[PDB]
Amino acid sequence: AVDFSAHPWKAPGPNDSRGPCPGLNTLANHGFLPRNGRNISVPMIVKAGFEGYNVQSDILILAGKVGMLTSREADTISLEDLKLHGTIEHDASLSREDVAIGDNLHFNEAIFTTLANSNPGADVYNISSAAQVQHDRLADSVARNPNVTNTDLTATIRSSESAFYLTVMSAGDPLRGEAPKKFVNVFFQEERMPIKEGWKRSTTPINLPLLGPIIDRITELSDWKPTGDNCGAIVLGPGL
């Protein structure tokens, strides 16, 4: 029984490491991960994701070990390391700019406008709105970034990230693939768990069987096509 009162939100300090991921940033901001954002292992991510969000080890082990590639350390990262373009970090993010034409690390309100204005007339974001947002963000990158990378891999990662905001920030049934806008907006804009606002950790485990169909449905509805070579190669370490 995690006591969320024992995990208060605190804004990061000047020497706290933060990355392009609102999920991990939010866990650090509540002390489920180290508040300094440093020396974070995959076991630590597994535990934090379980405690904070009820996200299970299947997805966190897979994504965590890919994330470990971004650091120079044997078995840890700093959250900022995860900005390394072409490992996980990709163009056509929901709340960050493309690395070739801007800042791929920090929350950007102008970029976030697209998500914030989605699913007009409803009080939730859902699978169809998530797909529309992905379509529109990719169109923006294609229009403004001549170095855009858009592949089967990046498209799948992008749908995974949309599935995450729809499930982790849901009103309590992640299967629904819908989340209150008031929760998701706090998650992105403040990297805070919207506890005041009425959010509670899912009592349903969020695992790959739960996320998989949501991911695939978002992709299907997004009118997606690859760009260029469609090469699914990742960057294997920093510096290279």
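Don't overthink the numbering: it's just position in the shown sequence, from 1. The term rigid core refers to the most C-alpha atoms you can superpose between the two forms while keeping them within 1.5 Å.
Engineer: Could you say which moves further from this form in 8 other deposited structures of this protein, stretch 81-89 or stretch 166-174, by root mean square CA distance after aligning on the core?
Structural biologist: Greater root mean square C-alpha distance in 8 other deposited structures of this protein: 166-174.
Engineer: Could you settle it for me: does 214-222 or 227-235 have the higher average Cα B factor in the PDB entry?
Structural biologist: According to the entry, 227-235 carries the higher average C-alpha B-factor.
Engineer: Per the PDB record, is the mean Cα temperature factor higher over 167-175 or over 63-71?
Structural biologist: Stretch with the higher mean C-alpha B-factor: 167-175.
Engineer: Grab the CA temperature factor for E161 from the record and place it in the lowest, middle or highest third of its chain.
Structural biologist: Bottom third by C-alpha B-factor.
Engineer: Grab the CA temperature factor for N126 from the record and place it in the lowest, middle or highest third of its chain.
Structural biologist: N126: CA B-factor falls in the lowest third of its chain.
Engineer: Classify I101 as lowest, middle or highest third according to the C-alpha B-factor given in the PDB entry, relative to its own chain.
Structural biologist: Highest third.
Engineer: Which third of the chain holds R144 when residues are ordered by C-alpha B factor: lowest, middle or highest?
Structural biologist: Its C-alpha B-factor, which the entry lists for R144, ranks in the highest third among residues of this chain.
Engineer: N36: which third of its chain by C-alpha temperature factor?
Structural biologist: According to the entry, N36 has a C-alpha B-factor in the chain's middle third.
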